[PDB]
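Scope of the values below: all heavy atoms of this structure, side chains included, with no hydrogens, waters or symmetry mates. Just so we're on the same page: letters track the sequence lines, and every chain starts at 1. First listed ligand is number 1; within each ligand, the first listed atom is number 1.
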4 protein chains.
Amino acid sequence: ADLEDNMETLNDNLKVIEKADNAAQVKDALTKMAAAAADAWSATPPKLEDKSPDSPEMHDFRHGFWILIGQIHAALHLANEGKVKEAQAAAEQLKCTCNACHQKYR
Amino acid sequence: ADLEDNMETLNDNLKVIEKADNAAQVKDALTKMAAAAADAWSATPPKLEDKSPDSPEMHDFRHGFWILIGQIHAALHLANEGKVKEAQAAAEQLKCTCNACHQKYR
Amino acid sequence: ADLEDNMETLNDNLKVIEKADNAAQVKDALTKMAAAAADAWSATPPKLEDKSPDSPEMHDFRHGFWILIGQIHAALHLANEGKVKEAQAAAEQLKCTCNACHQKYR
Amino acid sequence: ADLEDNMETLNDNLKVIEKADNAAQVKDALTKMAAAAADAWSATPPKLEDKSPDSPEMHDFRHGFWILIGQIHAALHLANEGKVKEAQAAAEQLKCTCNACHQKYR
Ligand code: HEC
Ligand code: HEC
Ligand code: HEC
Ligand code: HEC
Ligand SMILES: [Co+2]
Ligand SMILES: [Co+2]
Ligand SMILES: [Co+2]
């Protein structure tokens with residue numbers, strides 16, 4: 001999917017996680033975030049189009065998704081074992097990763 | 001120093017970094033925040049003084065300073081590279097982690 | 001490429017790095033290793049193939065490539081700074097992470 | 001405690017974890033490792049004695065304990081859950097962090 005749609009998927013499912021009651025909903029929302037992040041890994045953002053696909057900026061772009069994916073993965077571990085509030089607090093910290101990439105590249 | 005002094009250190013040195021002119025000034029303030037974060041790591045915040053030190057809430061509290069310290073290290077690494085403005089942007093992003101802990105435990 | 005071929009790309013490029021004489025060779029090789037690692041991410045290894053894709057085992061498998069990719073990125077960071085010796089030593093240390101996953105899933 | 005005594009604690013408790021047989025054993029050994037890495041953070045290694053305490057080298061040194069403490073804390077999360085196999089696998093991957101710092105600064 002394109003970068004914009006993966007970003008909507010990330011945004012929509014963070015909202016799902018915030019308002020969720022129960023493990024299964026959080027787990028499904030995180031699984032979809034992980035898939036959208038993995039898909040977005042390979043995109044070139046509008047503001048880096050004139051940069052070489054191996055420039056530091058493009059490396060650091062992919063590095064932001066690497067951080068995000070690890071955080072999603074860890075939240076998924078918590079959700080998978082029923083720790084819903086812990087998973088939600090993990091999701092609130094990973095918002096900071098969204099913000100840091102957005103400040104540099106959005 | 002106690003937890004309240006550490007937080008004032010963190011807060012004050014965010015302002016120092018924002019208005020700094022050169023890499024040495026950023027590096028010194030970040031060093032002070034790394035020390036105040038490492039010191040707060042072992043504190044018990046008032047809202048958790050009725051939980052056990054070996055409790056999921058205290059482990060999360062401690063984990064929060066570990067996150068903050070890694071982000072402070074990343075910003076120092078930029079300062080050690082002479083990248084003043086980048087280190088300053090990274091110091092600004094710390095606020096998201098400050099807030100994420102405060103939401104839970106302040 | 002399949003997992004086999006990703007694994008063989010990782011093996012070959014470690015040698016490339018080991019015998020490299022400039023930063024551009026090391027960067028190149030580390031970039032191909034990052035690529036193959038990301039490709040190996042989504043694979044299912046034989047020894048887990050009668051296992052649920054949601055199992056702790058398959059989560060751990062994926063986590064192992066997340067670890068590897070992070071170390072490769074750190075080695076790339078050093079290569080971008082022209083630190084051929086540091087980047088080579090970091091590359092050589094990747095073998096511990098290679099070996100650690102092999103011990104579990106091979 | 002001195003750096004040697006902390007490394008002895010780290011080393012001895014790795015071995016206990018590899019040969020442990022109940023949860024509390026792993027948890028207690030990890031808890032001790034957590035403490036020893038915390039203490040060691042603030043030390044100066046012999047090969048870095050004639051370097052500025054705020055040089056990149058001493059910063060990288062401290063950062064290596066930051067990585068190690070993070071990994072110990074994730075292993076401890078598993079142990080505190082009853083996931084002892086898990087946690088022992090996490091223990092094996094920590095060795096790579098030991099080795100990487102040793103190669104550089106021991
Ligand atoms: C990141 C850089 C920051 C900054 C700038 C601040 N904090 Fe914290 N903080 C935490 C707790 C539990 C408290 C309550 C302390 C108490 O009531 O005793 C605070 C408080 C503060 C303050 C107010 C201090 C006061 O005297 O009332 C300020 C100005 C402040 N902080 C700044 C806990 C945490 C964290 C736990 C993991 C983290 C991380 C931060 N705070 C981060 C920051
Ligand atoms: C990870 C779990 C480990 C383990 C099991 C050990 N270390 Fe370290 N280590 C570091 C340095 C600078 C030294 C030399 C200290 C000196 O010269 O005084 C060591 C040494 C050791 C030893 C040998 C102790 C002896 O006196 O012979 C042992 C058994 C040992 N270590 C175990 C530095 C670091 C780190 C810095 C970031 C990290 C992390 C580790 N070591 C990790 C571990
Ligand atoms: C880089 C490493 C990023 C991370 C991590 C996250 N986002 Fe992002 N996002 C990024 C870019 C470069 C852009 C601009 C894309 C474009 O085509 O202009 C975006 C955009 C968004 C948007 C707006 C999408 C749109 O319709 O234009 C949203 C809603 C968004 N991102 C959300 C989001 C969330 C919730 C994230 C963490 C969970 C996140 N993004 C991470 C780059 C990066
Ligand atoms: C798990 C997270 C792994 C990491 C990290 C690395 N490897 Fe790997 N490797 C893994 C598996 C499950 C296998 C078995 C593949 C199979 O289909 O049986 C392998 C295999 C290899 C091989 C042999 C290739 C072959 O066709 O048999 C090699 C040379 C190899 N692996 C090397 C290697 C290197 C150099 C790595 C990192 C730099 C590395 N592996 C990481 C799982 C995982
Ligand atoms: Co579209
Ligand atoms: Co492929
Ligand atoms: Co768990």
Side-chain angles (χ1 to χ4, degrees), chain A residues 1-12 32 34-46 49 66 69-70 73-74 77 106, chain C residues 1-20 26-51 53 55-76 78-79 87-106, chain D residues 71 74 86 89-97 99-100 103:
Chain A
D2 57 59
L3 185 52
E4 274 190 15
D5 292 343
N6 288 323
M7 288 301 166
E8 277 319 314
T9 300
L10 287 166
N11 195 50
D12 288 344
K32 298 171 175 178
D39 197 32
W41 169 285
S42 64
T44 293
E49 287 199 18
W66 175 84
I69 287 165
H73 183 102
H77 168 88
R106 191 181 165 164
Chain C
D2 52 47
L3 180 59
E4 293 86 316
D5 271 315
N6 290 328
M7 286 310 151
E8 155 187 327
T9 299
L10 294 166
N11 206 25
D12 295 348
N13 276 280
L14 273 180
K15 304 190 207 132
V16 170
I17 288 154
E18 174 212 296
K19 310 198 271 273
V26 176
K27 295 182 235 173
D28 186 274
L30 287 168
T31 300
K32 297 168 165 144
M33 276 170 86
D39 198 333
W41 280 344
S42 57
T44 302
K47 186 68 71 174
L48 291 176
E49 206 181 17
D50 303 1
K51 197 80 57 162
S55 50
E57 290 92 340
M58 287 282 317
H59 280 274
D60 184 59
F61 184 79
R62 281 180 306 256
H63 186 56
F65 285 109
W66 182 88
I67 295 179
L68 185 72
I69 288 167
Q71 300 173 294
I72 293 162
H73 284 194
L76 262 179
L78 292 167
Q88 286 175 309
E92 205 53 16
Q93 291 293 145
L94 294 172
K95 268 159 181 173
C96 187
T97 300
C98 315
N99 293 348
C101 176
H102 296 160
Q103 277 304 300
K104 295 178 298 182
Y105 300 123
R106 198 178 172 203
Chain D
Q71 297 182 297
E86 290 78 359
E92 271 305 291
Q93 181 62 230
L94 298 84
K95 297 197 201 179
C96 306
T97 300
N99 298 335
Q103 190 264 8

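The CH2 atom of C/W66 lies 10.0 Å from the CD1 atom of A/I69; values are rounded to the nearest 0.5 Å. Expressed to the nearest 0.5 Å, how far CD of A/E8 lies from CG of A/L3 amounts to 10.5 Å. Distance SG/C/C101 to CG/C/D60: 7.5 Å, rounded to 0.5 Å. Within the model, atoms CG of C/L76 and CG of C/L30 stand 4.5 Å from one another, a figure rounded to the nearest 0.5 Å.
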Output, in order, the C-alpha distance, side-chain angles, deciding distance and verdict of side chain to side chain contact (heavy atoms under 4.5 Å, CB included) for D/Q71 and D/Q93. CA-CA 8 Å; D/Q71 297 182 297; D/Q93 181 62 230; 4.2 Å; yes
Should A/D12 and A/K32 be marked as a side chain to side chain contact (heavy atoms under 4.5 Å, CB included) after you check the CA-CA gap, both sets of side-chain angles, and the distance that decides it? CA-CA 10 Å; A/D12 288 344; A/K32 298 171 175 178; over 6 Å; no
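For atom 22 (C) of ligand 4, the closest heavy atom belonging to the protein is C/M7 CB, 3.6 Å. If you check which protein heavy atom lies closest to atom 12 (C) of ligand 4, you get C/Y105 O, 3.4 Å. Considering only non-hydrogen protein atoms, atom 15 (C) of ligand 4 sits nearest to C/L3 CD2, 4.3 Å.
With 2.8 Å as the limit, C/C98 does not count as an N, O or S neighbour of atom 8 (Fe) of ligand 4. For residue C/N11, no N/O/S atom approaches atom 8 (Fe) of ligand 4 to within less than 2.8 Å.
Checking atom 25 (C) of ligand 4 against the protein gives no heavy-atom contact under 4.0 Å.
Atom numbering of ligand 4 starts at 1 in the shown order; those under 4.0 Å from a heavy atom of C/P45 are 12 (C). Short contacts between ligand 4 and C/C101, defined as distances under 4.0 Å to a heavy atom of the residue, involve ligand atoms 1 (C), 2 (C), 3 (C), 4 (C), 5 (C), 42 (C), 43 (C). The C/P46 neighbourhood of ligand 4 comprises atoms 16 (C), 17 (O), 18 (O), with distances under 4.0 Å to a heavy atom of that residue. Each of the following atoms of ligand 4 lies closer than 4.0 Å to a heavy atom of C/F61: 1 (C), 2 (C).
Heavy-atom proximity to atom 33 (C) of ligand 4, evaluated over C/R106, C/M33, C/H63, C/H102, is greatest for C/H102.
The Co ion (ligand 5) is closest to atom OD2 of A/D5 (considering only N, O or S atoms). A/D2 contributes OD2 as its N, O or S atom closest to the Co ion (ligand 5).
Annotation: angle subtended at the Co ion (ligand 6) by C/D39 OD2 and C/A1 O is 110°, to 10°.
Taking the six-membered ring wherever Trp is involved, the centroid distance between the rings of C/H63 and A/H73 falls below 6.0 Å.
Closest of all the heavy-atom pairs between C/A87 and C/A75 is CB-O, 3.7 Å.
At most 12 non-hydrogen atoms from other residues, nucleotides or ligands lie less than 6.0 angstrom from CD of C/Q103.
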